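J.: Sharing a structure below in structure tokens format, with a few things to ask.
So basically every Cβ, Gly included, is an ideal-geometry build from the backbone, and we count neighbours across all protein chains shown. The numbers here are math on the coordinates, done by the rules we state, and not lab data.
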């Protein structure tokens, strides 16, 4: 869980993101709100 | 009963598993979720008394498995293992006296390269192993093999390098071994072998030989004809005389002679520059030749002889061996 | 360890320049990758 | 491929074979007495699955030399039993104690699944040695050329029933265990190894002595004797027919015709225990129609024919295998002709194989029947529908060209010549030439050499009472332009027939030259003389326009035989591509069918006209051809009415089904309204009609139906339980036309994968439902290529699927498109068929560009 100024800071600063989830719900929704993100090495059971 | 995150991490990291148990349910279910497994060993009776293999079916999803072990007294080879053996390499099967029926199921396995039917009481060659064309190391230990002529079929194979017959009741060694060429490390010790023919010696690629714990009486000179031997062992054999021609063969890193008969070690031992270890126990000997010290890689501990025979050596030679 | 199909989808990402199908078990080189010209690194690791 | 060194020739066999059920294993003794002609130390035994325990060879009277050879050439299915000492020459005996197993691959000596009336899903031991399978069961000389006598003896549980080639001669107890007994049969005569058969299971005894005295017997499981009674009568009638036919006694004092649950091979000729598939053989009186009885009679007589051609004189090698079946097939039809004269079987016989013979030779991959064989593995891909159909057609050709009595004499001499001895095809030709005198081999050598059937440009020259003309032999091409680099001409013995007598050919010439002349005495100035006679000559007679016009009155009425009419009808449709006028003449022959009552004529006419309708997609105007179909079907629909009519046979039921379905395809307003009426009556349950009418009613109502009817159809499929009824429902609901509906029924075909491996037929129906919708479904299955291939891994089902899907295409551009699609998607098993279809499509395109536009003009003359 994350706060709006933190979302902003991620928005202009975050470059790469790693995510590994046991279940779908573990994935935060705000991760897609990022724009400068260039790398996403997701891992889990995203077959859904 | 592993928890989900640890289960995932183990799925991504574990390489080898060794399951031993008594009851069938004892085997965890979650082990079948493992995906990076290559070494699997099972200990404890898998027999579910007909309609079996319901637990074992998880091996269908263990497609990354490479080596499998069955120490569980199987009357029949599972269909699951034959299905998964497309990519598999080693069947270390141990039946502890249970008779196993091959039922040509090994024919499915083609990528297989090492096969070991240990204590499976075949009493005969399976005759299905010859279908495999990538086998290299075959082991038939403690299976009551009486006549083993079927080994001629091995000439069809080309990747074979080691034929293992650790324990059996073989009486007469087939001459058809002469056709076999690519084998190197035959280990047919502990057998009712009265004599060895030259037909084994027509082979030239023999690295390791284990003619020990048998009823051998004499050694043909053709052992010296072999020019690729490294380690030899004629222990517990009724060897009255050791032929000097054996000593022509070089590159003999070790040479076992235990529980032999009254003999006389030839001075030609000097042509054993590659000797590093040797035993001279259990045989009636009285004068070890001085040329033993000629060996450049021979250690006091390396040469295993009775103390008195060690004493019969010249004192300076004894010092040389001791300092080694 | 699971099977995947390109289903001609790979031809859409014209900007793709580096592809690999790790343990994707294709047993066959997909035809979709051929039409793409930007590739430089290709891996078909452990695909039987 | 290497055959065998054959250093020792077997003489006699003694096989104390012991199946072990509940373990699926097999033991035996294999004591074979043989003669060592070649002085060699090595013995070659072709066998794959067996694991030899011990072997010992005792020559003559002295002691045996045991065995010192076990070379297992597993890939070659060979074993070398070398011995320390030479075996020189003499008669010896090889005893081979061994072990084998009941495979689950339904091969050699396998185990089949069967269900007792209570259940228990037990297993039984069954055999089949088609080619290189006898050696898998137990080691012998698995070579058709090799011939020896066998003494099969079984070690079987006493509760279980056991049958073999010969009659039981001993039922001794088994000393080791008393729950099972040793059954010893009589010594088989000289026979091939692949013809050996013995089965063990649980069945019931149903015997019937013949006129000759042989007890023809069937052993249905669960004592369904009734199911297996009609076949008993058929066999008891046709075996004495053979006996009086060629005056040769039956070889085996006992003959059995057991069926096996899911034989998975259909049928197999064997010495006196010919096995059958349960569905093929047994017949429930209340769960069958007369056509099924006709089929079972056909199949039961086919293997009885194989009892003579085959068993008695086996083919020398698999190269001649085509004969052993092919010839027999034709024989079987003749047999039924002498058994059920009311069953006029030649009529459907022409439509049964001859049609695909004609259409398959037209295309590529038309390899000659006689292809040299070295390896028995080559049998599979040298085998096809052509190997049966063209072989039967040419052997019937030979029977006509020789005459019935002369062919009888030739067959009798050939059988008496090489009885129990392997013979080649050339030997049969030599015997036939000895019987008749005219050179059969001089034609058979070319028949083996080349590939296909010729054509003739007939002429017209009626000099008073001499209708002379010039037959011009040339090769046939599907498009019309044959390659003709070699000598395309043939020597087919086209047997002309005088049309004054429909069955009797007053004028008949054994013409065998590219050019010739005629000698006849004409009866009527318009004798409409029928070239060929009931298409006995496997051939595609091209009649000139004058010939067609002269024979037109003959086909307007029923004067011409129905077989001639249907043969001409099929010829004209095929000759639309090569012969000129085509559609224009096609229309005229259509006029004749204003009066045709014959069902088979309507069946192949509907096939042809549906081919035209689907093929005319790109140039549209379906309303014109459908209107023409309505014009054709007006008198037929009136005569048959709509409702079931008194005096209607099962053939008339097929008539009503086809006429209703095709009338709905045309889209008649009143017919469609009545079909919707009965659809409502059935779905409400107020009046539910016969399924035979019901399925075509479904096709008609969905031909102009919305999605609600489609959902009702899916529902009715859900409560429906009968498997083939549901399959019919699915294939007819594939015939929706609305584009949204066709996409929905494609996704519902993804839903209708419930039918086990019948999904292929369901999706074939949906592909054939529309014409442009067929192209949409082709794109759909492009999007679902992986699903189809994971549902069928290189089977005949998927080849049939793709052939059905692409058969309606007549555009070269998307022909190349689908060709590239198949190139990127290799399917080797179907591969041949693939390019076949491709070429067909190209031909289709060409044919369109030949006449489609002018077809419009013809319609302008039709309505005027």
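J.: From the list B:213, B:156, B:169, exactly one residue is within 14 Å of chain D (Cβ to nearest Cβ), touching a residue at least 24 places away in the same chain (Cβ under 8 Å) and either on the phi < 0 side of the Ramachandran plot or surrounded by 15 or more Cβ atoms within 10 Å (Cβ to Cβ) (or both). Which is it?
T.: Going through B:213, B:156, B:169 in turn, just one is within 14 Å of chain D (Cβ to nearest Cβ), touching a residue at least 24 places away in the same chain (Cβ under 8 Å) and either on the phi < 0 side of the Ramachandran plot or surrounded by 15 or more Cβ atoms within 10 Å (Cβ to Cβ) (or both): B:156.
J.: Exactly one condition in (1) surrounded by fewer than 14 Cβ atoms within 10 Å (Cβ to Cβ); (2) closer than 28 Å to residue D:63 by Cβ; (3) within 14 Å of chain B (Cβ to nearest Cβ) is false for residue D:121; which is it?
T.: Of (1) surrounded by fewer than 14 Cβ atoms within 10 Å (Cβ to Cβ); (2) closer than 28 Å to residue D:63 by Cβ; (3) within 14 Å of chain B (Cβ to nearest Cβ), only one is false for residue D:121: (2).
J.: Which residues, taken from the range D:100-137, are more than 18 Å from residue D:194 (Cα to Cα), outside any loop (DSSP other than H, G, I, E, B) and touching a helix residue (DSSP H, G or I) at 6+ places or on another chain (Cβ under 9 Å)?
T.: The answer is D:124, and nothing else.
J.: Within the group D:313, D:296, which residue is crowded, with 20+ Cβ neighbours inside 10 Å and over 18 Å from the mean Cα position of the chain (by Cα)?
T.: Unique residue meeting the criteria: D:313.
J.: Same structure again: Go through (1) surrounded by fewer than 17 Cβ atoms within 10 Å (Cβ to Cβ); (2) within 13 Å of chain B (Cβ to nearest Cβ) and name the single condition residue D:68 misses.
T.: With (1) surrounded by fewer than 17 Cβ atoms within 10 Å (Cβ to Cβ); (2) within 13 Å of chain B (Cβ to nearest Cβ) applied to residue D:68, the lone miss is (1).
J.: Could you tell me whether residue D:343 is touching a helix residue (DSSP H, G or I) at 6+ places or on another chain (Cβ under 9 Å), outside any helix (DSSP H, G or I) and surrounded by fewer than 22 Cβ atoms within 10 Å (Cβ to Cβ)?
T.: The answer is yes for residue D:343.
J.: Of everything in the range B:29-51 that's out of contact with any strand residue (DSSP E or B) (no Cβ under 8 Å at 6 or more places or on another chain) and more than 13 Å from every other protein chain (Cβ to nearest Cβ), which residue is farthest from residue B:12 (Cα to Cα)?
T.: B:49
J.: Residue pairs, Cβ under 6 Å, 6 or more apart or interchain, first in the range D:73-98 and away from chain B (no Cβ under 14 Å), second assigned to a loop (DSSP other than H, G, I, E, B). List them.
T.: Cβ pairs passing all conditions: D:86/D:41; D:88/D:39; D:89/D:39; D:90/D:60.
J.: So is residue D:62 at the interface with chain B (Cβ under 10 Å from one of its Cβ atoms), farther than 22 Å from residue B:146 by Cα and not in a strand (DSSP E or B) or not?
T.: So residue D:62 fails the test.
J.: I need the full set of residues from the range D:783-796 which are surrounded by fewer than 18 Cβ atoms within 10 Å (Cβ to Cβ) and more than 20 Å from residue C:32 (Cβ to Cβ), in order please.
T.: Across the range D:783-796, the qualifying residues are D:791, D:793, D:794, D:795, D:796.
J.: Look through the range D:475-516, keep the residues that are part of a strand (DSSP E or B) and in contact (Cβ under 8 Å) with a residue 40 or more places away in the chain, and return whichever of them is surrounded by the most Cβ atoms within 10 Å (Cβ to Cβ).
T.: D:494
J.: Is it the case, given these coordinates, that residue D:815 is more than 13 Å from every other protein chain (Cβ to nearest Cβ), within 21 Å of residue D:759 (Cα to Cα) and surrounded by 14 or more Cβ atoms within 10 Å (Cβ to Cβ)?
T.: Spelling it out, it is not the case that residue D:815 is more than 13 Å from every other protein chain (Cβ to nearest Cβ), within 21 Å of residue D:759 (Cα to Cα) and surrounded by 14 or more Cβ atoms within 10 Å (Cβ to Cβ).
J.: Follow-up question, since we're still on this one. Could you look through the range D:24-58, keep only residues that are more than 14 Å from chain B (Cβ to nearest Cβ) and in a loop (DSSP other than H, G, I, E, B), and pick out the one that is surrounded by the most Cβ atoms within 10 Å (Cβ to Cβ)?
T.: Here the answer is D:30.
J.: Report whether or not residue D:107 is farther than 29 Å from residue D:175 by Cβ, within 11 Å of chain B (Cβ to nearest Cβ), surrounded by fewer than 21 Cβ atoms within 10 Å (Cβ to Cβ) and in contact (Cβ under 8 Å) with a residue 12 or more places away in the chain.
T.: Considered against the rule, which asks whether it is farther than 29 Å from residue D:175 by Cβ, within 11 Å of chain B (Cβ to nearest Cβ), surrounded by fewer than 21 Cβ atoms within 10 Å (Cβ to Cβ) and in contact (Cβ under 8 Å) with a residue 12 or more places away in the chain, residue D:107 comes out as no.
J.: Specify which of the listed residues (B:240, B:184) is closer than 30 Å to residue B:153 by Cβ, out of contact with any helix residue (DSSP H, G or I) (no Cβ under 7 Å at 6 or more places or on another chain) and either more than 14 Å from chain D (Cβ to nearest Cβ) or part of a loop (DSSP other than H, G, I, E, B) (or both).
T.: The conditions single out B:184.
J.: Something else about it: Between D:381, D:303, D:359, D:342, which is without any contact (Cβ under 8 Å) to a residue 12 or more places away in the chain and under 17 Å from the mean Cα position of the chain (by Cα)?
T.: The match here is D:381.
J.: Against the condition out of contact with any helix residue (DSSP H, G or I) (no Cβ under 9 Å at 6 or more places or on another chain), within 17 Å of residue D:200 (Cα to Cα) and buried (at least 20 other Cβ atoms within 10 Å of the Cβ), how does residue D:257 come out, does it pass?
T.: For residue D:257, the condition - out of contact with any helix residue (DSSP H, G or I) (no Cβ under 9 Å at 6 or more places or on another chain), within 17 Å of residue D:200 (Cα to Cα) and buried (at least 20 other Cβ atoms within 10 Å of the Cβ) - is not met.
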